[PDB]
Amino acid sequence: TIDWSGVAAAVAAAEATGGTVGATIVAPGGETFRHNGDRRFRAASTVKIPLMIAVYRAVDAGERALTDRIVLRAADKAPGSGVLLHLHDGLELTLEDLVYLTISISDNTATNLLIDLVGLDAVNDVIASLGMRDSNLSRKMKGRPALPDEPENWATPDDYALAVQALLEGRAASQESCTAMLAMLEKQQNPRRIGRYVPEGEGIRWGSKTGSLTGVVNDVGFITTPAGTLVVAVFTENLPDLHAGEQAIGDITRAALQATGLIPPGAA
């Protein structure tokens, strides 16, 4: 039987300076810890998950292929995270390159190119089909939060946990595509959040999609060991700074790994 007190303590410490945490964490058994699970947070880059799903569903339907060519144009270059914004106009990429850049390093140009290819409606169709009732993609990547009167991309921890579960269960798209998408998440380049206290060892894997904006630090993903898989969706808002946000997610995740017996028991 699971003791969540350490996870609750990690959450309380993260919120002590006045910020807010939302967390939905699903144990191997299916038992679920929720704190502000249905509260609305800025998704930031985590919304690139359902975008990726829309892409692979298009590939499943044979509407496009991973080897399809897309050319980098000056008009497409977005501010914020990514590398394409600084690479030469005319660079020829593939659809798979775009998915990879989108997920691994949160490339905003690659993201907006995929949004153009598949369209907003297709991503929102994915979100609805996954039972994600309070989430959406309505705004291309700009590297900044929307102003109050501009459409924002909203998430809830509950919704993003459903998204990861769908991938793990082969429900999000075809099983081949779910397997490929989980492998993309494993290519996440920032190990400081969900990834921080994942132990090194055989048969251990993790993947996630981070999200960051000023006052916003999120990470959504999974950790798999031979003993089972932990689903983790944590959103944080108005913590003191980036460091505090990353530390909070790492601590909450670590406490969850201990609570579910995925790593050995340890300090809170």
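All residue numbers are counted from 1 along the displayed sequence.
Quiz item: When the C-alpha temperature factors are averaged for each of 195-203 and 62-70, which stretch ends up with the higher value in the entry?
Solution: Looking at the recorded C-alpha B-factors, 195-203 comes out higher on average.
Quiz prompt | Per the entry, higher mean C-alpha B factor between 107-115 and 178-186 | solution = Averaged over C-alpha atoms, the B-factors run higher in 178-186.
Self-check item: Highest recorded Cα temperature factor - choice among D121, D76, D159, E152
Solution: Within the set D121, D76, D159, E152, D121 shows the top C-alpha B-factor.
Quiz item: How does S129 rank on Cα B-factor within its chain, lowest, middle or highest third?
Solution: CA B-factor rank for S129: highest third.
Quiz item: Hey, what third does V99 fall into on Cα B-factor, ranked over its chain?
Solution: It belongs to the lowest third of the chain when residues are ordered by C-alpha B-factor.
Self-check item: Modelled-residue ranking by C-alpha temperature factor, third containing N36
Solution: According to the entry, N36 has a C-alpha B-factor in the chain's lowest third.
Quiz item: In terms of the CA temperature factor given in the entry, to which third of its chain does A13 belong: lowest, middle or highest?
Solution: Answer is middle: the recorded C-alpha B-factor places it there.
Quiz prompt | Ranked C-alpha temperature factor of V7 among modelled chain residues, by third | solution = Its C-alpha B-factor, which the entry lists for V7, ranks in the lowest third among residues of this chain.
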